[PDB]
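Report on one structure; see the data block that follows.
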Amino acid sequence: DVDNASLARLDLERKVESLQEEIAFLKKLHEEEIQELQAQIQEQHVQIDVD
Amino acid sequence: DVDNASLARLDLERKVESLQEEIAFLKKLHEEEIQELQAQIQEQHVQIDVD
Amino acid sequence: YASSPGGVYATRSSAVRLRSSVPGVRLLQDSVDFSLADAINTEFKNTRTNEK
Amino acid sequence: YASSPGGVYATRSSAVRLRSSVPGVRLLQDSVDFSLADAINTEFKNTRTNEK
Amino acid sequence: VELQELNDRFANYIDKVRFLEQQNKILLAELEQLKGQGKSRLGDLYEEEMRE
Amino acid sequence: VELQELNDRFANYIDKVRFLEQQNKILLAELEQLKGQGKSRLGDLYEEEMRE
Amino acid sequence: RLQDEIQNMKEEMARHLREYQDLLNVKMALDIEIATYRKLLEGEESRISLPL
Amino acid sequence: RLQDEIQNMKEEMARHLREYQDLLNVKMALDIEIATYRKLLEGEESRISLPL
Amino acid sequence: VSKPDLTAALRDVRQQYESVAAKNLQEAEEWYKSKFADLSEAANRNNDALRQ
Amino acid sequence: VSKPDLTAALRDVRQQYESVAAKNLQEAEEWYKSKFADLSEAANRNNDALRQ
C-alpha cells in the first residue's frame, strides 16, 4: 500500500499532467485557429469606394 | 511512506475538487473567449473594407 | 520609450541545495494562456469596432 | 507636453532564501475575484450596446 | 456638382462614422480580453495560486 | 466643387487607407492577444500545473 | 506525454502558418476579384476616376 | 519521471517557440497586407485621382 | 440620395462573413482543445495503466 | 452593381471553408497523437510487464 496508494495518486496525477499538457497543446493550436481568423481580417482588403 | 501516500490519496480528493473548479473557470473562459471572437468579428468589420 | 523599468530582468537566483521532498499538490492552471480569451478580449472590441 | 512617467517600478525583492527545512508552511490557494473583470466584460457589452 | 459634393461629403461623413465605430472597436478589442476573460483568467490563476 | 468632389474622392481613397489601417490595427492587436494568450500565457500556466 | 504534445505542436504549428497563409490567400483571392470588379465599376467611375 | 516533467517543459518551450513565430507570422502578415493594400492603393489613387 | 444603398450592408456582410470565419476559427480552437484533451486523457490513462 | 462587391463575400465563404478544412485536419492530427500515446505507453507497459 505504499506502492498502491502512491500509484493511485500517480495514475490520476499523470492523467491530469497529460491533460494539462494537452490543454497547453490545444491552446498553442487554438493560436493557429485565431490565426485563420486574423488571416480573414488580413484578406478583407478587398472592396470598392462607397457612395 | 504509505501513511504519507494514503493521506496523499485524500490529497487527490481535494486536488480533483480544486481542478474541477479550475476546469469550470477554463470552461467559463472558453464561453468568454467565444463571445470575444464574435466581438472581434464585428469589431474588425463595420468600417466598410477597402474603398 | 525605455524597456525594462529599473533595468529589470529575471536574474539567476540559486540558493543552498535544500533537499526537501515536496508532494506537489498542483494548482492546475486552465489559464496556461487562456489567450483564446485575450484574442477574444481583442474581439470583444473588434465587435465594438464593427458596430462603431 | 505630457512627459509624465506612466511606468512605476513594481518593486521585486528576493533576499537569499535560507534553509526552509521548517515544515510549517500551510497550504492556502485562495483566488481570484476579479468580479471587477466581469464588470469590465459587462462594460464592454454595454459600450458595444451603446455603439449599437 | 453640389449634388456630387454631397455624395463626397457622404463619403467623408461615412469616414467620420467608420472612425466613430472603429475607434470604439479598437477600444473594445484592446479591452474585452481585459473584461470577460479578465475575470475567467483571474479564477484560472487563483486556482494555480491555490494549487501551490 | 468640380475640385471638391475631387479632393473628397481622393479623401475616400485615403480613407480606404485609414479603413485598412484601422482593420489592420484591430488585426495587429488581435494577433498580439493571439500570441499572448494561446501559446504563451496558457502554456506558461499549465506547464507549472503539470510540474505540481 | 512529451511526444503527444510535441507532435500536437509540430502538426498544429505547421497548420497555423498555413491557416494564417490561407486567411491571407482568401484576402489575396479577394484582391484579384476586387481588381476585376474595380477596373470595371470604379473603372467606369474612371471617366470621373480609374483601377488596380 | 523527471524526463517526463523536463521534456514536457521542453515541449511547451518548443511550442512557445513556434507560437511566438506564429505571432511573428501575424505581424509579417500585417506587414505584407499593409504592403499589398498599398498595391491596391496605386490603383485606388488611380480609382478617384486619390489615395497615393 | 448621395449614398448609393445596400452597397454599405454588402461590405458590412462581407466583413461580417470574414468575422464569422474568424468566429468559426475561434470555435475550431475549442475543437482543437477538445482533441488535445482526448490526447491528454489517453496519455494519462495509459500512463496510469503502466504505473499500475 | 457599378462594381460587383459580393465577389469578396464569396471569397470569404471560401476562406472559411479552407480554414475549417485545415482545422478538421488538426482534429485528426490530435486523434493520431492520442493513438501514438496509446501505442507508445503500451510499448512502455509491455517493457514493464516484462519486469513484472
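In the C-alpha cells, chains take the letters A, B, ... in the order shown, each chain's residues start at 1, and ligands count up from 1 in the order shown.
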Quiz item: Once you count only C-alpha atoms, which residues of chain B turn out to be within 12 Å of chain H? Could you give them as a PyMOL selection string?
Solution: chain B and resi 49-51
Please save N, CA, C and O atoms of the selected residues as a PDB file, in the first residue's frame.
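Contents of again.pdb, as written:
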ATOM      1  N   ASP B  49     -14.457  47.977 -45.316  1.00  0.00           N
ATOM      2  CA  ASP B  49     -13.493  47.284 -46.192  1.00  0.00           C
ATOM      3  C   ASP B  49     -12.367  48.181 -46.782  1.00  0.00           C
ATOM      4  O   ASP B  49     -11.874  49.082 -46.095  1.00  0.00           O
ATOM      5  N   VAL B  50     -11.776  47.811 -47.934  1.00  0.00           N
ATOM      6  CA  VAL B  50     -11.024  48.755 -48.790  1.00  0.00           C
ATOM      7  C   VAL B  50     -12.005  49.503 -49.682  1.00  0.00           C
ATOM      8  O   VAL B  50     -12.887  48.889 -50.273  1.00  0.00           O
ATOM      9  N   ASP B  51     -11.692  50.757 -50.004  1.00  0.00           N
ATOM     10  CA  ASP B  51     -12.596  51.582 -50.806  1.00  0.00           C
ATOM     11  C   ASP B  51     -11.852  52.371 -51.926  1.00  0.00           C
ATOM     12  O   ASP B  51     -11.754  53.588 -51.964  1.00  0.00           O
TER      13      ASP B  51
END
Practice problem: Can you check which residues of chain I have any atom within 10 Å of chain G? Use only C-alpha atoms and format it as a ChimeraX atom specification. | Solution: /I:18,21-22,25,32,35-36,39-40,42-44,47
Keeping only C-alpha atoms, take the residues you just selected and write them out as a short mmCIF file (atom, residue, chain, number, x, y, z; two decimals), in the first residue's frame.
data_model
loop_
_atom_site.label_atom_id
_atom_site.label_comp_id
_atom_site.auth_asym_id
_atom_site.auth_seq_id
_atom_site.Cartn_x
_atom_site.Cartn_y
_atom_site.Cartn_z
CA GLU I 18 -14.76 37.48 -42.66
CA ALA I 21 -14.80 32.88 -40.48
CA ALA I 22 -12.75 34.23 -37.51
CA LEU I 25 -11.72 29.55 -36.31
CA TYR I 32 -8.64 21.66 -31.13
CA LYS I 35 -8.99 16.73 -29.32
CA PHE I 36 -5.90 17.80 -27.33
CA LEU I 39 -4.91 13.04 -26.37
CA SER I 40 -4.05 14.29 -22.84
CA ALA I 42 -5.41 8.92 -23.35
CA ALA I 43 -1.79 9.77 -22.36
CA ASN I 44 -2.82 9.94 -18.63
CA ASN I 47 0.42 6.18 -18.04
#
Self-check item: Non-local contacts of residue 20 (chain F) (10 Å; only C-alpha atoms; under 6 positions in same chain excluded) as a list in words
Solution: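 Contacts, with the query itself left out: residues 41, 42, 44, 45 and 46 of chain A; 44, 47, 48, 49, 50 and 51 of chain B; 14, 26 and 27 of chain F; 33, 34, 37 and 38 of chain H.
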Quiz item: After fitting chain E to chain F over all Cα atoms matched in order, what RMSD is left?
Solution: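 So the superposition leaves a C-alpha RMSD of 2.1 Å.
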Practice problem: Over all Cα atoms in order, fit chain C to chain D and jot down the RMSD to one decimal place. | Solution: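 C-alpha RMSD after optimal superposition stands at 5.6 Å.
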Give one line per residue of region 7-42 of chain B that approaches region 5-29 of chain A to at most 7 Å, naming the two atoms of the closest pair and their distance in Å to one decimal, counting only C-alpha atoms; sort by chain then ascending residue number and deliver it as JSON lines.
{"residue": "B:8", "atom": "CA", "partner": "A:9", "partner_atom": "CA", "distance": 6.8}
{"residue": "B:9", "atom": "CA", "partner": "A:9", "partner_atom": "CA", "distance": 5.8}
{"residue": "B:12", "atom": "CA", "partner": "A:9", "partner_atom": "CA", "distance": 6.7}
Practice problem: Select all residues from chain F having any atom no more than 6 Å from an atom of chain A (counting only C-alpha atoms, ignoring ligands), output as a list in words. | Solution: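 Taken together, these residues fit the definition: residues 27, 34, 38, 39, 42, 43, 46 and 50 of chain F.
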Take the selection from the previous step and output its residues with C-alpha atoms, as a compact mmCIF listing (two decimals), in the first residue's frame.
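Result went into again-v3.txt, see below:
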# COMPACT_ATOMS: atom_id res chain seq x y z
CA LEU F 27 -5.83 42.62 -36.62
CA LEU F 34 -3.48 35.53 -30.02
CA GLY F 38 -2.78 30.95 -26.97
CA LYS F 39 0.82 29.64 -26.81
CA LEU F 42 -1.99 29.27 -21.41
CA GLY F 43 1.29 27.29 -21.93
CA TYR F 46 -0.42 24.67 -17.46
CA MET F 50 1.84 19.90 -14.81
Quiz item: After fitting chain B to chain A over all Cα atoms matched in order, what RMSD is left?
Solution: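 Pairing the C-alpha atoms in order and fitting gives 3.3 Å.
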Give as a PDB file with C-alpha atoms, in the first residue's frame every residue of chain J that touches chain I within 8 Å, counting only C-alpha atoms.
ATOM      1  CA  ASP J   5     -18.615  43.773 -54.255  1.00  0.00           C
ATOM      2  CA  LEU J   6     -20.396  40.372 -53.418  1.00  0.00           C
ATOM      3  CA  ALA J   8     -15.470  39.424 -51.902  1.00  0.00           C
ATOM      4  CA  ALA J   9     -18.133  37.776 -49.629  1.00  0.00           C
ATOM      5  CA  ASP J  12     -14.652  34.892 -47.537  1.00  0.00           C
ATOM      6  CA  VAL J  13     -17.035  31.870 -47.595  1.00  0.00           C
ATOM      7  CA  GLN J  15     -11.562  31.202 -46.877  1.00  0.00           C
ATOM      8  CA  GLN J  16     -13.962  29.923 -44.135  1.00  0.00           C
ATOM      9  CA  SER J  19      -9.805  27.411 -42.627  1.00  0.00           C
ATOM     10  CA  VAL J  20     -12.372  24.840 -41.336  1.00  0.00           C
ATOM     11  CA  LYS J  23      -8.795  22.695 -38.523  1.00  0.00           C
ATOM     12  CA  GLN J  26      -5.724  19.226 -36.964  1.00  0.00           C
ATOM     13  CA  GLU J  27      -8.610  17.430 -35.129  1.00  0.00           C
ATOM     14  CA  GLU J  30      -4.555  15.264 -32.351  1.00  0.00           C
ATOM     15  CA  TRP J  31      -6.533  11.971 -32.683  1.00  0.00           C
ATOM     16  CA  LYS J  33      -1.307  11.814 -31.479  1.00  0.00           C
ATOM     17  CA  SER J  34      -3.776  10.225 -28.969  1.00  0.00           C
ATOM     18  CA  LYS J  35      -3.225   6.884 -30.766  1.00  0.00           C
ATOM     19  CA  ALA J  37       0.363   7.979 -26.892  1.00  0.00           C
ATOM     20  CA  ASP J  38      -1.736   4.732 -26.660  1.00  0.00           C
ATOM     21  CA  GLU J  41       2.708   3.844 -23.481  1.00  0.00           C
ATOM     22  CA  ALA J  42       1.507   0.319 -24.437  1.00  0.00           C
ATOM     23  CA  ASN J  44       6.384   1.046 -22.177  1.00  0.00           C
ATOM     24  CA  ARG J  45       3.697  -1.081 -20.380  1.00  0.00           C
ATOM     25  CA  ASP J  48       7.176  -3.100 -17.514  1.00  0.00           C
TER      26      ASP J  48
END
